[PDB]
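Enclosed are the sequence and the experimentally obtained structure.
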Amino acid sequence: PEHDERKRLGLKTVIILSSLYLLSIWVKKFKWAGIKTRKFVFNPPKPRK
Amino acid sequence: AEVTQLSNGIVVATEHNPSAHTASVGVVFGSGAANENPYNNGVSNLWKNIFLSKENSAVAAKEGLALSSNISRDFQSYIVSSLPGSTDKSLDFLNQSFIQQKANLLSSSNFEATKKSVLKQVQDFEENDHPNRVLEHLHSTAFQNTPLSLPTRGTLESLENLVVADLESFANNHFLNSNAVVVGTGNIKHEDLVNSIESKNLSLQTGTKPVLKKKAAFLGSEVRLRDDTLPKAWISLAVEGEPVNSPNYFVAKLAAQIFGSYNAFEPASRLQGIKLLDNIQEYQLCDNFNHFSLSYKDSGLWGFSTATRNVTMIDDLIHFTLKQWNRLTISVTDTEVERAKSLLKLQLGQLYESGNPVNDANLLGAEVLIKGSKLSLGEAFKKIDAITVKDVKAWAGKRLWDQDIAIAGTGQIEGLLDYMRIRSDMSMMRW
């Protein structure tokens, strides 16, 4: 008996949860960009220490 | 106290003091380390040590003269000092050794001995002088790929490629009459100096210097040089600041005076009226710090440097300092502003009224080259007295609140957290 109400409530839930999923991908990729482009350089130290 | 500027083709500036017992006369050029490229970096530092070489200093010493030279980012100077009755001999020495003849100084035997001595100085700087080389690395990361990033001494890799023809090429482009100011400080009158120059017909060269194409630009970045065999950690941090000829030039210097300097081993330094010292002395978070406000022709830097033996609590030291910087936008009080006014006037008065005419010759020539005149100390005191609390809050809302930073560090810096944890402390999520 809940069939017509269950499908109307499911449409509001899927739209809200889809928007929060797509926004969290943008925010994660913005906050990780400093780590992902980090660069390292090695110069061997002088001996006798 | 009065300065006098006069132009007859050559700009001549003086600052007479009849109470002093020496005199000082030299020439200041309007090019520095920010007028070089990454392949001739260190050519200004080589020209200084050519002027201060042994055979040149020996000719001056038989007359009774002493020599000085200074290299900065925007200017460089070459100064002769003497007793007040022999300023004619000091102006002759500047004419023969530096203007007319330079094949005497640039001989092959003198050039190779000078280049060996400079390479040893730069090597000992990079291995032992940890506070000053972190501040040099702060400039190179904040202004990367831009003329304001080159170090004033040069690097070891760029200095060994320099030959005699590189120094003559720099002198033909920058040591010009339209780039120079003749200065005189101490016990020397103004009209006696302009008649000694006009009794000859001095002129360096006619023409203008090259124009660089890239302007200075701040970039939020960091550079880490970790060395676990050193006993401390050394850290510098800054935002983009004010240039020379800025309307907020004195407001930025007063904001740095609010937080000031500190020494944990001096007992009177522990009793200063700075609210940051309550958090630091509870668990002994550092050994010293100092705040600064540097200014150049195109940009500037505002921030602090520190040195620490407490290497497990580095994150508490950065966090407490940046939460006090937030108060300049939100809740700075009127009694903190009045204290910073008196201490800025004492600090500026000690810089410009020391008893050294060599220090006065460097300050006078650098200011006439940019502005065309010199602001007196009496007029600088009246601009400081007119600053209100609302001036401080409006400056900090533009330059400090939610802005990008630049970080440099060396030593035991494992406890220094990454960039985004420090960048998020530039705002409170309260206001």
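In hand now; what should we look at? Residues are numbered from 1 along each chain as shown, chains lettered A, B, ... in the order given.

which SS class is residue B:280?
At residue B:280 the chain is in helix, as set by DSSP: H, G, I helix; E, B strand; the rest coil.

Excluding chain neighbours, what is closest to it?
residue B:286 (6.3 Å; CB to CB, 6 or more residues apart in numbering or on different chains). The C-beta positions use only the backbone N, C-alpha and C, and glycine is treated the same way.

Could you measure from that neighbour over to residue B:360?
As defined by CB to CB, to the nearest Å, residue B:286 lies at a distance of 35 Å from residue B:360.

and the residue of chain A found nearest chain B, how far is that from residue B:117?
Of all residues in chain A, residue A:34 sits closest to chain B, at 5.1 Å by CB to the nearest CB. Counting by CB to CB, the gap between residue A:34 and residue B:117 amounts to 42 Å.

ok, these two, which is more surrounded?
Counted by other CB atoms under 10 Å in any protein chain shown, residue A:34 and residue B:117 do not tie: residue A:34 has more neighbours, with 15 against 11.

Wait, that one touches residue B:418, no?
Yes. Contact between residue A:34 and residue B:418 holds when scored by CB atoms under 8 Å: they sit 7.3 Å apart.

from what I can see residue B:254 touches residue B:389, true?
No. Contact criterion CB under 8 Å: residue B:254 and residue B:389 do not qualify, at 11.1 Å.

okay, and the common contacts of those two?
Both residue B:254 and residue B:389 are in contact with residue B:337, where contact means CB atoms under 8 Å, 6 or more residues apart in numbering or on different chains.

These two: which is more packed in?
Taking neighbours as other CB under 10 Å, residue B:254 and residue B:389 compare with residue B:254 leading, 19 against 14.

List the contacts of that one.
With the criterion set at CB under 8 Å, 6+ apart, residue B:254 makes contact with B:337, B:340, B:341, B:344, B:384, B:387, B:392.

again, 6 Å this time
B:340, B:344 (CB atoms under 6 Å, 6 or more residues apart in numbering or on different chains).

and it, how far is that from residue A:34?
Where residue A:34 is concerned, residue B:254 sits at a distance of 33 Å (CB to CB).

Run a quick neighbour tally on residue B:349.
For residue B:349, using other CB under 10 Å, the count is 13.

partner strands of the helix or strand where residue B:239 lies, parallel or antiparallel?
Taking DSSP states H and E as the definition, residue B:239 sits inside strand B:233-240. If you go by DSSP bridges, strand B:233-240 pairs up with strand B:300-308 (antiparallel), strand B:406-411 (antiparallel).

Tell me where chain B has strands.
Residue ranges of the strands in chain B, as given by DSSP state E, are B:3-7, B:11-16, B:23-29, B:66-71, B:76-82, B:180-186, B:221-226, B:233-240, B:261-263, B:288-295, B:300-308, B:406-411.

between those strands, which one is nearest to residue B:319?
Residue B:319 sits nearest to strand B:233-240 of all these, at 12.1 Å, using CB to CB.

tell me the strands in chain A, going along the chain?
Going by DSSP E, chain A shows no strands.

Please identify the residues of it in proximity to chain B?
residue A:34 (CB under 6 Å from any CB of the partner chain).

give me phi/psi at residue B:414?
Here is the backbone geometry of residue B:414 (degrees, to the nearest 10): phi -70, psi -40.

For it, give its distance to chain A.
As judged by CB to the nearest CB, to the nearest Å, residue B:414 and chain A stand 15 Å apart.

same question, residue B:178
Relative to chain A, and taking CB to the nearest CB, residue B:178 is found at 42 Å.

Spatially nearest residue to that residue, not counting backbone neighbours?
residue B:208 (5.6 Å).

same deal with residue B:159?
Per CB to CB, 6+ apart, closest to residue B:159 is residue B:42, 4.5 Å.

Is there a neighbour count for the one you found? I'd like the number.
Neighbours around residue B:42, by other CB under 10 Å: 28.

Report the contact partners of it.
Contacts of residue B:42 (CB under 6 Å, 6+ apart): B:154, B:158, B:159.

Near the nearest residue to residue B:66 once chain neighbours are set aside, how many other residues are there?
Nearest residue to residue B:66 in three dimensions, chain neighbours excluded: residue B:81, at 4.7 Å (CB to CB, 6+ apart). By other CB under 10 Å, the residues close to residue B:81 number 23.

Thought residue B:26 was touching residue B:81, still the case?
No. Using CB atoms under 6 Å, residue B:81 is not in contact with residue B:26, being 8.6 Å away.

how far out from the middle of the chain is the longest helix along chain A?
Determined from DSSP state H, the single longest helix within chain A is helix A:3-31. Centroid separation between helix A:3-31 and its chain, computed with CA atoms, centre = their mean, to the nearest Å, is 14 Å.
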